[PDB]
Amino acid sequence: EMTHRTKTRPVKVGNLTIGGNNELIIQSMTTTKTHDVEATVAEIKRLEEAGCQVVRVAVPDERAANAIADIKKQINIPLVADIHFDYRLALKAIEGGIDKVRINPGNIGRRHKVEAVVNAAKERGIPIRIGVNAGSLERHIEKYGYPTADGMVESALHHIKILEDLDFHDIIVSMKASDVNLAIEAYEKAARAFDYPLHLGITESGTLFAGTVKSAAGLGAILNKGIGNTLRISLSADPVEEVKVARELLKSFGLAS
């Protein structure tokens, strides 16, 4: 049985709550150099002007991690940081005021690294988004022979398990794929597999037109199931258009944000 978006666990992200209500928070991400504070801030204010409620920035390095405080001081909406496995960058961004870190626990390595992150996260009440991706499933998951709905949830489970073992339940999860049937199938199962809020997203298509049609369709079928607490529409275009498609999708179903 699927956990409706209204009975999912509430997760505080800055001043907003994701999960435990029927409000789909709109998110996006920047295209700028995260360490280029002026450019990043400029693009963020254009996203805020468009209707963006939460925005993510890639933190590939120290320059980027160092830019966090300077960015957040010049913005109004919550700022999430992208980090695949570097615990030092995780720690630097957290210290800097990020509102949430998108990091997959199982990639961090040795337990002491995993704890340095979770402890920092609890210290200032920041959540983690577990972001499962169809193109980047663990090497071992030689088990299915290719990305499948089952391989995504299992990878997801593994990541939640590490946080729950550390008494950490402030978690948001995403199951992002490029294929629509796999997309729908993945969120369906993750909703039946766990109670955390689901961050909806489909992989960027080659063109803006392809991506607009595919995402509108895939997320359309997921929202109709009563699931999803937040969403990000990924498109080969200026981020503002992602906010526009997201707004149009939610208005279409008569959904509030």
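Residue numbers run from 1 along the displayed sequence.
Worksheet item: Unmodelled stretch from the deposited sequence between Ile141 and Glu142, which bin: none, 1 to 3, 4 to 9, 10 or more?
Response: The entry has 1 to 3 unmodelled residues between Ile141 and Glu142.
Discussion item. Please compare 120-128 with 152-160 and name the stretch with the higher mean C-alpha B-factor in the deposited structure.
Written reply: If you average the C-alpha B-factors of 120-128 and of 152-160, the larger mean comes out for 120-128.
Worksheet item: Out of 179-187 and 108-116, which one has CA B-factors that are higher on average in the deposited record?
Response: Higher of the two, by average CA B-factor, is 108-116.
Item to complete: Can you pull the Cα B-factors for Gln27, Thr212, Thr30, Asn66 from the entry and say which is highest?
Response: That would be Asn66, according to the entry.
Worksheet item: Which listed residue, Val240, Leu16, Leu235, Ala246, has the largest C-alpha temperature factor in the record?
Response: Result of the comparison over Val240, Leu16, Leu235, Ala246: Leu16.
Worksheet item: With respect to C-alpha B-factor, does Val101 fall in the lowest, middle or highest third of the chain as deposited?
Response: Answer is lowest: the recorded C-alpha B-factor places it there.
Worksheet item: For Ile222, does the deposited CA B-factor place it in the lowest, middle or highest third of the chain?
Response: According to the entry, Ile222 has a C-alpha B-factor in the chain's lowest third.
Worksheet entry | Relative C-alpha B-factor of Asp61, binned into the chain's lowest, middle or highest third | It falls in the middle third of the chain.
Practice prompt. Could you say whether, by C-alpha temperature factor, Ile75 belongs to the lowest, middle or highest third of its chain?
Written response: Middle third, going by the recorded CA B-factors of the chain.
Fill in: B-factor third for the C-alpha atom of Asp195 within its chain
Highest third - that is where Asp195 ends up once the chain's C-alpha B-factors are sorted.
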